[PDB]
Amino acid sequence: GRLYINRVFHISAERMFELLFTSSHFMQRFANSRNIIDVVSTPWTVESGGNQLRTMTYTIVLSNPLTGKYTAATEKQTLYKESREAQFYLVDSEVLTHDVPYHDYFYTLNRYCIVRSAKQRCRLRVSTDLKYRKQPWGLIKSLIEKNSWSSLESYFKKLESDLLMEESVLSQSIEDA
């Protein structure tokens, strides 16, 4: 679909994963700045396949005249079995909206890839794709496209800006010790 973040940070692959995929204060501050409230999540849970599973719910406060003031959302995060601690993290995040128009007809798939670059460095790669169900006809999908890609771009750029500010204070704190 679209590649929104491709960057090497001066944060370890371990710390980057715990920043993004645990109930970190970093994520709480970032979600608030994006008007995402009432974040509820699970711990990472193992299943028979070997992959790990984490699910979240939250409410997105919307600025769209075509939508209501709020929409419920559900996120299912899949950490693939191929991941190795502090070395390689590959998460597939599927996001469902529940109160926007045509919410039954599409969802979003975000793939997060964290690979350790050096000793305290990592490369984060986030790609985004829209998925469709029930075969939305004609005008429905073009409306979905024009009301998603720009909001997803705005979302992940603010995350990259916050990760860079995090990199600047965390790498300094580690280096100074």
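Residue positions are given as counts along the sequence shown, with the first one as 1.
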Output the stretch having the higher mean C-alpha B factor in the entry; the candidates are 129 to 137 and 34 to 42. 129 to 137
Mean CA B-factor: is it higher for 57 to 65 or for 115 to 123? 115 to 123
From 83, 93, 71, 74, pick the one with the largest CA B-factor in the entry? 83
Which third, lowest, middle or highest, does the CA B-factor of residue 154 fall in along this chain? middle
Report the third (lowest, middle or highest) to which the CA temperature factor of residue 24 belongs, ranking only the modelled residues of the same chain. lowest
Give the position of residue 108 by CA B-factor within its chain, expressed as the lowest, middle or highest third. lowest
Residue 102 CA temperature factor, ranked by third within the chain: lowest
Using the temperature factors of the C-alpha atoms in this entry, rank residue 148 within its chain: lowest, middle or highest third. middle
